[PDB]
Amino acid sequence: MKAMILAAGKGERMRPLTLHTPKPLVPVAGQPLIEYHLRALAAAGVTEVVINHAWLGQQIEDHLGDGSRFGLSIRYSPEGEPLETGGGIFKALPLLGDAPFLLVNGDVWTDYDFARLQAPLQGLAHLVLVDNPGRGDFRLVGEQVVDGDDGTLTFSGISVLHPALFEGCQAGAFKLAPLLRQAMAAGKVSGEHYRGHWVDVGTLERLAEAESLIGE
């Protein structure tokens, strides 16, 4: 299937790095964060990728271009207003079309093997969950994801989404989580618990951890 990489974040918590460099282009062990995803996606057999952007967006396009160096075809979804994760995905849906797509949070660094998500999957959404880095986000019972409360897990920012998840939505800014929680209540969200390496690189301290973990 196709993949979307979320890359529109302003990365205020990573200043001053993100003053002239958008977060997805920040180097982790010599390589831009987002290029780990592109190489892994290409290795997993993905050939078409959509990348949304806002803050310093044109630098992302200039650096990556059409993606041919990665064996990929990249299309961009520019945002001129903050749309959040849900609104950003919605704006990009015409580029993704009607079929389920892989969704990856650009800020994440992870070992996770994207080719795993090509296996037969469950629901309007299939979420990869990780140990809390914390009250967590969600709970996993067997393969079914439910809302968190008391052994909770954290959403990794890695998932497969069905465009139908967004049926009825209106253009504009809105968050993804509330939509997932609405699908969970309908029993349409499956998931899995990944126990390997995963870091949400939102701060210089997270950058370091990723650096350290990549040292193995």
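Don't overthink the numbering: it's just position in the shown sequence, from 1.
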Inset, instruction - Might you work out how many residues are unmodelled in the deposited sequence between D150 and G151, and answer none, 1 to 3, 4 to 9, or 10 or more? - result: 1 to 3
Legend entry - Residues of the deposited sequence that sit between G134 and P133 yet are not modelled: 1 to 3
Legend entry - Selected stretch [higher average CA B-factor]: 178-186 or 36-44: 178-186
Inset, instruction - Compare the mean C-alpha B-factor of 165-173 with that of 55-63 as given in the PDB entry, and name the stretch with the higher value. - result: 165-173
Inset, instruction - For the C-alpha B-factor as written in the entry, point me to the maximum among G80, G86, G106, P100. - result: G80
Legend entry - Position of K91 among the chain's modelled residues by C-alpha B-factor, lowest, middle or highest third: middle
Inset, instruction - Place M14 in the lowest, middle or highest third of its chain's C-alpha B-factors, as listed in the PDB entry. - result: highest
Legend entry - For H197, the third of its chain into which the C-alpha B factor falls: lowest
Legend entry - Chain-relative CA temperature factor third for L124: highest
Legend entry - Ranked against its chain, the third holding the CA B-factor of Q118: highest
